[PDB]
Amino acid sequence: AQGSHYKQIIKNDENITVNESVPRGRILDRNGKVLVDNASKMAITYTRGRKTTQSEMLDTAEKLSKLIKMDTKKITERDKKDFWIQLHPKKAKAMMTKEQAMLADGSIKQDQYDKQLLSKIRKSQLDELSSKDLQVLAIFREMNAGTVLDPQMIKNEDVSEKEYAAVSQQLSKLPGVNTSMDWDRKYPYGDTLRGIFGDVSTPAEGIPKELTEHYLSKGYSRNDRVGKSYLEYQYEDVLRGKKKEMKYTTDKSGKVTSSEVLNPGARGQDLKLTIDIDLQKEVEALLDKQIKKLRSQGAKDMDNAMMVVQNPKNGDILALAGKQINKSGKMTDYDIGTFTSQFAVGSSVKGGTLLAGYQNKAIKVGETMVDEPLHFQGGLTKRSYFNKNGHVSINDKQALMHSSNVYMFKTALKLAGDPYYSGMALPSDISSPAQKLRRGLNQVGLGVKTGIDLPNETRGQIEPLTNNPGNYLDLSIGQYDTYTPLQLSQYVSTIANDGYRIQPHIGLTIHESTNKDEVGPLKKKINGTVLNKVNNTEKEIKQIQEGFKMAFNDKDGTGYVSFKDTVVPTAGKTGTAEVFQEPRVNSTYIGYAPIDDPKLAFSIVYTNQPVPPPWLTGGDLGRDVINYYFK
């Protein structure tokens, strides 16, 4: 049942052509819950003239009230205090007897008279909780809330076809008031995923200005409403309603002699997402719990927290996040930062390095070498769980259990053809190893786009790596190149997939149009495409995941405190990263579950925690979310 809003009427000669918008297709979750739908809405606006008074507007506002209801609480204290002085000038004067007298002294200007008039107001605020009053104030404030020639929205609410028929003319009679029918996205899960859904351009907006070339080259008219961010933008091609076009031929007189249909119109196609709306809501809830499930232990300048959850075998996405500006602890939605923002993630990249170190014949599978502080001409890398002494024979799994920097430092040196000896100079051209290393990490999704079906993905900050070898070893340890939370997810995921990097997607399937049927027959499956397989043997592969188990299933394994065991076995790796806000830390967690046939994977990023890490426990987020899913 495709709807009909007149969008564009052009007169040529005796021809008049008419275009009607039709509803876009819906966005639904992996189970069919409507996430984005459509609503027919009337929009009533005021357009305040050059010389239009306050008595002018309060009057229109009054007639406007006996005609539509408003929601109160946009009203401020000042709105009410001003409205009161506006409504009760006789009553208000009496409180300012001295000041009205000293207004004509010249003792005071109005600008300080008006401020004491506001100071003496209280029980008279209730003198207009006469809800009839607040209604008028509701409308009136918007009529004063804006630019002169610009029209101003007063109400955009659901309207029927007959409703608009009865009231539009009698709204339009009032000076400044216009009405229009509009298509508007409606969002049952309110604020959930809204960033990811993106918006469609307003009727005021054409095609958005900076997007002209973009939409004009694909055939649009500048008047067309289009998707302009994220999901509405990304799947504009399928979500869009192909508009109705009619060409009328006319008499001289105006009489339509003939009519032809250029396009009857097509209600947009419905898009299903990989997202389980419930899981989504739960994760946002757990993330808000966990963020101060520290009561700010110290973390009151943690400024971002990120979570991505995914099916590591088909790249389905079930995942969101949000930031924390704790000049408060008052959070916003940083939904998209999961694949649009770049963070130093530190030690959680260590599995990729070993893989890099395997395929270049730099270390071998099971390699057992020893570790201890390192010494160069100045430069002094101690790993940080023994910096001074205590020299331990350690293999590649164990190095991941402990998250031992010096093992990764030693492999890095071996990858440079320059194995460690105390007092060696740092190899001065590290171009070649750095390249071998990066291509290693690139294979599991680190430093390359994941390919996700959404706009604005970043691959991370990638600075020259030629003759600062310290940055080279930083890289082997996650303290040079910045990565993305989605990249981290793609990376564990390929480990759990026995080496298959898969292109993540929040797109699930594409169906055909209906106004009713919350199915709609299938048109397109959106597949999690295999991108490549790691250049490594199963044994090389298995070793990283054996290591990953015993960082979560073993004891000094740096993920026991959060993952020790829970309702299903979980393998992973973690990360603490030095950065400068003033000095602070980044905390990172990646994992997957269950070990024997994985079905979930996730990445976690907390930014700018104050913490040295024998105190902080963020991947309890990981533990809690994984419990919910599997039970």
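The numbering used is simple: start at 1 and walk along the sequence shown.
- Going from residue 55 to residue 56, the model skips none of the deposited residues; the chain is continuous there.
- 399-407 and 234-242 differ in mean CA B-factor, and the higher of the two is recorded for 399-407.
- In this entry, the higher average B-factor at the C-alpha atoms falls on 78-86, of the pair 78-86 and 469-477.
- Going by the entry's values, 292 shows the largest Cα B-factor out of 132, 449, 281, 292.
- The top Cα temperature factor in the record, among 118, 266, 444, 137, falls on 118.
- For residue 573, the recorded CA B-factor ranks within the middle third of the chain. Only modelled residues enter the ranking.
- Residue 114: CA B factor in the highest third of modelled residues in this chain (values from the PDB entry).
- Compared with the other modelled residues of the chain, the Cα B-factor recorded for residue 365 ranks in the highest third.
- In the deposited entry, the Cα temperature factor of residue 19 places it in the lowest third of its chain's modelled residues.
- Sorting the modelled residues of the chain by their CA temperature factor places residue 93 in the highest third.
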